[PDB]
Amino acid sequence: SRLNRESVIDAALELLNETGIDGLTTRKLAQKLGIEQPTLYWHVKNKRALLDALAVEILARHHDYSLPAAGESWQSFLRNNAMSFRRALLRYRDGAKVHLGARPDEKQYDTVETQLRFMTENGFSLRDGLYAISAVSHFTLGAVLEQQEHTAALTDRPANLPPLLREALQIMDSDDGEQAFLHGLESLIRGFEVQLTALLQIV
């Protein structure tokens, strides 16, 4: 079929959902596209190049809150940005693992620069704004990775529990992690605000 970049991404994403990240291979991608492996090689040099591209295109296509709305507070931005990033990560099987393979790509530079500048325009130093943005990113990624690895590990093998842990798993599995994620997100934001408003005061 067609092997323009967009079409190759479409197929690779379709394949990722079928196989997961570990099981995705350029050989399987060539099969899905109806082509020979050396043909695919002209377009996609190896799995790593493919994964790097997926990490970018997943956010380009499905992360709709990269940028603040006009007039938006930094708090509200971090909240909306996190919710969007989580959704985009969860959209594809092993999505968090796909993301983590790389740091910002050149096509992402303008976006992430704008985010860093936005925090500095709202009273943060570059360093403290980077600390906040990174903390949100890492908390979000960790939460998704946990969900997605539990989905995986369930396919290899199943799972005398003590009472609070029993209850905690029952609670942690009453939704897809969303309550825990949102509650932690608010805690994080509030801690950043306390820190910011403190200025040079001992806090």
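Just count from 1 along the sequence shown to find any residue number.
- According to the PDB entry, the deposited sequence runs on from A70 to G71 with no residue lacking coordinates between them.
- For the pair 20 to 28 and 5 to 13, the mean Cα B-factor is higher in 20 to 28.
- Note on 168 to 176 vs 33 to 41: mean CA B-factor is higher in 168 to 176.
- Out of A132, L100, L126, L89, the entry records its largest CA B-factor for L100.
- The top Cα temperature factor in the record, among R79, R93, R117, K107, falls on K107.
- Annotation for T140: CA B-factor lies in the lowest third of the chain's modelled residues.
- Annotation for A55: CA B-factor lies in the lowest third of the chain's modelled residues.
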